[PDB]
């Protein structure tokens, strides 16, 4: 009766859903007669089809998994999102968020991130030992690691691209490595182009990984979770992924290689984006603008419970999810988690889909699956990306 849309649908992320269910009872106990109705929708389905449709028709869920940047800006300007500054003041929470920028439109706040993310390279410390390689810090090191991994029968990069957004993760970072993080805002303001040779350098580097079989071959047939299977079952030396992936990686009778799992920032390439890491405060929950009194009370309770040090610590301890809020203790965690916090000290850039329009993101997904399938060249990809980028920029008016 009060709808709570989330994307925690995989069995592997059961602890994250169980936390949502705990939050849902606590809301119900706080608000008599309240009935919370959790609805899980697969991430890409929720974000790129279901929720955009509901927003256009004006009937979004009351509480919903929401992304900052482009998505929030679109629903704000359509009047769909509850402004959260009165509530944040009531609860004393506003300044326990180090970064709400993706959710701030004209100084006003329309969502709350539940996590801080980084994206980089998970690796198997025991496979690296076997191959007698150190952590690769630059491109030519990476090539050596990948060549030795493959020579020994390991997949260099566990990789699955049936879900198109997965292919864009390492890509994001590759073209930002070569062209700098300012390339992506440049795309939407018309001062940088997808076809520019410094952008293209990162695409060609990605294609080199394809051409050498360092990105897992046959990946177009595999759903996102399959790259995590390959890595956690010890078949791949590395996997480029987000920090949220540890919720599916390192516990119990699934994971051969739990303690020898590590993480490093992607090697430098001698380009304008060296020394940076993909990360930010992008994903959390938004709230319908159409809330009545019980509904608002439920949303306030949800905020009070979810955005607390108790729940932030719980999801860190249980599932490795890095906190979006300021914490008191935060101590005692898996090595891979130290290594991620370590790697997050670098200069940061947000995911490209927080900056570009939906149509551009969708086109990059489809273009990369064609590139992975050998059905488009890098030249064709960037030509098409730039045309769509021009159209999107014009349609912003």
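Residue numbers count along the first chain shown, from 1.
message: Can you tell me whether 245 to 253 has a higher mean C-alpha B factor than 180 to 188 in this record, or the other way round?
response: In the deposited entry, the stretch with the higher C-alpha B-factor mean is 245 to 253.
task: Between 50 to 58 and 368 to 376, point out the one with the higher average CA B-factor as the PDB entry records it.
output: Going by the record's values, the stretch with the higher mean is 50 to 58.
- request: By the entry's C-alpha temperature factors, tell me which of 353, 65, 329, 28 sits highest.
  value: When the deposited C-alpha B-factors of 353, 65, 329, 28 are compared, 329 is largest.
- prompt: Checking the entry, which one of 84, 306, 215, 166 has the top C-alpha B factor?
  reply: Within the set 84, 306, 215, 166, 84 shows the top C-alpha B-factor.
- prompt: Going by the entry, which third of its chain does the Cα temperature factor of residue 363 land in?
  reply: CA B-factor rank for residue 363: lowest third.
task: Would you please rank residue 129 by its C-alpha temperature factor against the other modelled residues of its chain and give the third it falls in: lowest, middle or highest?
output: Its C-alpha B-factor belongs to the highest third of this chain's values.
query: Which third of the chain does residue 97 land in by C-alpha B-factor: lowest, middle or highest?
result: Top third by C-alpha B-factor.
- prompt: Among the modelled residues of its chain, does the C-alpha B-factor of residue 89 lie in the lowest, middle or highest third?
  reply: For residue 89, whose C-alpha B-factor we compare with every modelled residue in the chain, the answer is the highest third.
- request: Would you mind ranking residue 72 by its C-alpha B-factor against the rest of the chain and naming the third, lowest, middle or highest?
  value: It belongs to the middle third of the chain when residues are ordered by C-alpha B-factor.
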